[PDB]
Every structure is written in structure tokens, then in C-alpha cells.
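Below you'll find only one chain, the form deposited without 2-(2-benzofuranyl)-2-imidazoline, shown as C-alpha cells.
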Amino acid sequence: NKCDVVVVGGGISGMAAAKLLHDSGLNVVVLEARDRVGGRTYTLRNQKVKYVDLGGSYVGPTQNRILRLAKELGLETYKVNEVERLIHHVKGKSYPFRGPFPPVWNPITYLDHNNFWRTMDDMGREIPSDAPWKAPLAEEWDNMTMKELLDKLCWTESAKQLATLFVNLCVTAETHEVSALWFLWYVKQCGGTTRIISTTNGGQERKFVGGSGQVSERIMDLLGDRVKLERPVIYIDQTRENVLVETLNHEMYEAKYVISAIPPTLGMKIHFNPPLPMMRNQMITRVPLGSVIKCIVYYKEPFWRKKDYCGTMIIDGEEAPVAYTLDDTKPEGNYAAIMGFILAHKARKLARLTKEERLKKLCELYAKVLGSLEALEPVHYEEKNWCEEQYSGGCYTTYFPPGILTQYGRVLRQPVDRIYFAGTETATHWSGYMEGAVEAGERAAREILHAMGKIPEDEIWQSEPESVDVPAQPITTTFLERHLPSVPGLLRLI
């Protein structure tokens, strides 16, 4: 029954909010729909794998909030293997390379690849992180899919193929499904193309020893009986003095304030009294999450390292079930494994197969790409289709179709009376990530502290000191990268 704040959802965002409020002296309850905490993070333990992340997993430089929270909880990170060569597999053949970016040798193609990435970052600099709908060309870019943008910008099929794979991997959606404004904002608010795609010095630098699921589990340990598992919220009543929150199993909770820490569209699962205002009522029907199967194949040894491959593969083509892989071997060098993502329309297509049929397709692919028969002899397989989850709706995050961000965007974190909004989707830096979940949960908690007169308005949005354990190198561009002409630019110059 009675408390100061009810938090709906026990993922990273809901747990970070509740921890903050608890640490401030307020009485808090977390209502969680599933029989576990963690939401879009999930760590499986069994004897074969020891532990494995089946949801969110990677952290890296500039993600200072998730790094500080995990450190305080007693977690350690380790580095993803990127010692040996990366592989770019294109038109049925493998090209090993070093550095973050796959090299291009044809000169025209070179100019086209260079101009595409540069243009993405240029366009991003006109987009405010906390208000993308205030971009000078907000409407024009929002009324256009990423597919239309790629068609205009890319003068070669080679650049257009790589840019498409880039979109599919970042947001688990097809280029024709997503707004150009929304995708450019998304990349920008992660620090740009280089920062988002890199292992070393980027979003994929590190993982947590023991799994990322420990973040939510350890906060639940701190909160004890305040966390209520298998309590899906069905009903929120704001007509009276205290807010009334009802669960599916017929319990009633009473509070001064609520934080909703669930993906925006999952707000549909709740019946509101009084009805939601018009813009939010419609927004929550307009914001799907992407589609992905995360798959991990285990091997006796990390045999790719013997051929001077790190295990990172960038794989083009319609036939490949998996477009991107990373080494998932434990820091000690055992439980050798390759992690890969089956993205967007391939997730829909390959979900019809059996677990065993998917394993066979992956092994045959890895054998071609790595040039090794050893890939045909897996010792174990784990996978998770996020599309089938009632209380997630997909992964990694919410995407915006064309027209939606400019029309409904400003409503995402706008309070509805005594309901405040957290969840990674409402963040302004690494929104879509575990980092964004922490930002949003702690910000929504402070909005409530301010409404209670406990802190100045000044203190709702708080900056984060840089991690000493995971420092960031700055992103640099060369003179030639900055000044080489586009393909049409070279044509004008002719």
C-alpha cells in the first residue's frame, strides 16, 4: 500500500531512480512485471557458459554514469578482444584489416565513403541533443527515411551497402523504417559515428565481469522487500489526493508520485484515469522497438586468434544471417565464443527455424568468413529473440518512423500531473543504452525531489565526472578527411 514514490519497471532505469530516492530518505516501491529484474539486460548462468549476457552488455568511454553506478555496486569491467585483425566480408570474400574502419581502395568509392560519414557528423552538429525537433531543418529531415537520405548521398553501391549495414546494426531496423532526423540525432547523442561503432575507445570497449544483469540484481539487494516481482501495473488513478497504482495480481499501491521506467509504447499496457492527454495518448502507439536475436556460439578454443583474427566480423549481403560479430571469450581466455546479432528483417525471417537450424547456419557462415573448419564444431549454443518479449517489445530500443519525432517528440519526458518519465528512451546522452537508462532514472528521481521542495531546479540535470578507470581519447579527423571533395563535388570541379 502506502509510500512516497512508486517506480514502474525494474530495469536499470527504474532501479537507478529507486536507489537515488531511497538514498535521499524517501520510501519507495518498485513494481516489476517479470519474475526477475534487469529488463533488456539479462545474464544467464549455467555450467557450460558460466555466465553470458543475452541482452545489453557493452560499455565504453564517455558512458560515465553506468560506470560510476556499477563501480559503487562493486562491479569490474574487462576489455573486449580487439588485439588481432578485424574482417570485412564483402561479395563472398574476406578482407582482414586493422583500425576501426574497413579500408576502401577504389578512389571514387573512397571519396563517396569519406563524404558519407563526414556528412552524417555535419548534419548531427545542427541537432540539439535535448531537443532534436529544434534542428533548423527538423521537418525536412523528419519527413524522409534513412533510405531516402542514403539514396541521395551515396553515389556508389559500396558506400550504400556499408551505410545500410551501419543503420541495421545501430538501431535494429531497416533504413526505410526510420526517420532520417531521428537516426542522425541518435548517432549524434552517442558522440558521433566513430564513438558509436568503435570497440577500442568506443561503445563496445568493455563488458562487466560476471554480467551486466548484476547492476539490477545488486540494487534489488540494497532495496530488499521494496521490490515487487510479478507485479505488472494495469491501472493508474490520479483523480484523488494520493496516486493509486493497481497491479494484475490485484494489489493496490498508494503514493505521492510515480515514475514510469518502461519503454514508451509499453505505457499502452496501463489504463489511465483520467485519460492521458491527447499528444501522449497517440505518441505511445507510434514508437516501436527494433528486432534482434542475440546468438552466442561456443568453441573449445578461440581458434580465430591463431590466424591473427580478433573475432570481429563485418559481414555484407542478404544471404548472411549475421552481419556483425564480436569475440565473447572470457577475460581468462576460456569459454571461447563468438557473439553475433541477427538484425531487423532477418530476425523475423529466421525466427521460423529451430534452435538447431539457426546454429548450423551460423557455423557455416563463420567457417566461410574465418576460413576455418573449426567453426563447424561448436560445443554449445545460446540465443535470445527479443521480439517475443511482452514486457520489452523488442531491442535494443525505440525507433521513430518518419514524421513522428517532430510531431510528438517533445512529449516523451513531459510530466503528466504526478507521473514522471524515465527509461533510456528519455535520455539525452547515450539514449538507447544502459548509460541512458541511468541518466533518465536519476533525472526523473530529481524532478520529484524538486517537486517536493527538497532541491533547487538547478539540480535536476546533473553533469557526471569522467571515469578514471575508462578514460576517453578525443575523436580526431585528418586534413584530407575534412577537405576531400564528394563525388558530385569532384564533378562540379570538372
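From 1 onward, residues are counted along the sequence shown.
Quick note: we don't show the form deposited with 2-(2-benzofuranyl)-2-imidazoline bound, though the next part is all about it.
Examine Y381 and determine whether its closest non-hydrogen atom to 2-(2-benzofuranyl)-2-imidazoline in the bound PDB entry is within 4.5 angstroms. No, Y381 stays farther than 4.5 Å from 2-(2-benzofuranyl)-2-imidazoline in the bound PDB entry.
Touches 2-(2-benzofuranyl)-2-imidazoline in the bound PDB entry: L222 (any heavy atom, 4.5 Å): Close contact is absent here: in the bound PDB entry, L222 is far from 2-(2-benzofuranyl)-2-imidazoline, nothing within 4.5 Å, heavy atoms only.
Close approach of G99 to 2-(2-benzofuranyl)-2-imidazoline in the bound PDB entry, 4.5 Å, heavy atom: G99 belongs to the contact set for 2-(2-benzofuranyl)-2-imidazoline.
Given that the partner is absent here, does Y324 sit within 4.5 Å of 2-(2-benzofuranyl)-2-imidazoline in the bound PDB entry, heavy atoms only? Yes - in the bound PDB entry, heavy atoms of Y324 and 2-(2-benzofuranyl)-2-imidazoline come within 4.5 Å of each other.
Would all three of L162, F166 and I197 be in contact with 2-(2-benzofuranyl)-2-imidazoline in the bound PDB entry, where contact means some heavy atom lies within 4.5 Å? Spot residues vs 2-(2-benzofuranyl)-2-imidazoline: full contact, yes.
Going by heavy atoms within 4.5 Å, which of 405 to 413, 71 to 79, 100 to 108, 275 to 283 lines up against 2-(2-benzofuranyl)-2-imidazoline in the bound PDB entry? It is the stretch 100 to 108.
Which residue, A135, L365, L350, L86, has a heavy atom that falls within 4.5 Å of 2-(2-benzofuranyl)-2-imidazoline in the bound PDB entry? Only one option qualifies, and that one is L86.
If the cut-off is 4.5 angstroms on heavy atoms, which of these, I314, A344, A375, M123, is the one near 2-(2-benzofuranyl)-2-imidazoline in the bound PDB entry? Going through each option in turn, the one that passes is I314.
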